[PDB]
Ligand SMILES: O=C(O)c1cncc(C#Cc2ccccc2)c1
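Only one chain is shown below, in structure tokens, and it's the form solved without the ligand.
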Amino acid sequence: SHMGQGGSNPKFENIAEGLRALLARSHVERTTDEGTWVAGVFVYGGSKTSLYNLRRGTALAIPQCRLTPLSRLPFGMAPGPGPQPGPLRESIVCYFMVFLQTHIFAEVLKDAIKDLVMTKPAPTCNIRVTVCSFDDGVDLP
């Protein structure tokens, strides 16, 4: 496998290679004729830097997907203090979303991310992922 100068690669490149290896196990549909964005993977936690690396590596590994920027999650029960109404207050936990054209590929990618981060030290192993579904799709521009 390719090795960068001095015997190392950037974290996002190694993520891409790990994802490629896991995804090669699954020959599931990634696109449809209609090309609608009906499924997704919602990825959060860890730390901002770990999600940054994961997001960059996901894009490198999967041309068939589309990604949001990194953003932040609100709180669950009992939000922290702030001048805005509770529903708007931002935690320090970050997230990003992956949009996909098939529900099965979302499942495969969710499982790949879970398997990959379990091999990394904290905080990367604390990244969480769930598949999501969009009833009417998302009409990406």
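Only residues modelled in both forms are compared. Rigid core (definition): largest C-alpha set, two forms, superposition within 1.5 Å. We number the residues from 1 along the sequence you see.
So 61-69 or 75-83, which one's hotter by mean CA B-factor in the entry? Between 61-69 and 75-83, it is 75-83.
field: Which of 131-139 and 3-11 has higher mean CA B factor, as the PDB entry lists it
entry: Result of the comparison: 3-11.
Highest-ranked of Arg56, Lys114, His103, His27 once sorted by CA temperature factor in the record:
Each of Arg56, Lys114, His103, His27 was compared by C-alpha B-factor; the highest is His27.
If you rank every modelled residue in this chain by C-alpha B factor, which third holds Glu107: lowest, middle or highest?
Tercile = lowest for this residue's CA B-factor.
Chain thirds of CA B-factor: placement of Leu88: Within its chain, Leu88 is a middle-third residue by C-alpha B-factor, going by the deposited values.
Once the chain's modelled residues are ordered by C-alpha B factor and cut into thirds, is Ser50 in the lowest, middle or highest one?
Its C-alpha B-factor, which the entry lists for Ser50, ranks in the middle third among residues of this chain.
Heads up, the form solved in complex with the ligand isn't pictured, but that's what we're talking about next.
Exercise. Exactly one of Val38, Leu116, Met97, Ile62 has a non-hydrogen atom within 4.5 Å of the ligand in the deposited complex; which residue is it?
Worked result: Exactly one residue meets the criterion: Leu116.
### Query
When you measure heavy atoms, are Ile15, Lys120 and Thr124 every one within 4.5 angstroms of the ligand in the deposited complex?
Checking in the deposited complex: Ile15, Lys120 and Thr124 are all within 4.5 Å of the ligand.
| message | Quick check for you: of 27-35, 48-56, 73-81, 99-107, which stretch puts a non-hydrogen atom within 4.5 Å of the ligand in the deposited complex? | response | Going through the listed ranges, the match is 48-56.
Review point. Even though the chain is shown alone, can you say which residues of 62-90 have a heavy atom within 4.5 Å of the ligand in the deposited complex?
Key: Nothing in the stretch sits within 4.5 Å of the partner.
query = Core aligned, which of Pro63, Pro69, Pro83, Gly35 has the Cα that shifts 2 angstroms or more between the shown form and the other one?
reply = The residue that shifts is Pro83.
- request: Can you tell whether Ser47 sits closer to or farther from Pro85 in the deposited complex than it does here, judged by CA atoms, where the change is 3 Å or more?
  value: Relative to the displayed form, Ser47 and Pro85 draw closer in the deposited complex - a change of at least 3 Å between their C-alphas.
| query | Given a CA distance change of at least 3 Å, are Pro81 and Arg72 closer or farther in the deposited complex? | reply | Pair moves farther apart in the deposited complex.
| message | Suppose the core is superposed; which segments, at least 3 residues long, show C-alpha displacements of 2 Å or more throughout between the shown form and the other one? | response | After superposition, residues 8-11, 78-85 shift as runs.
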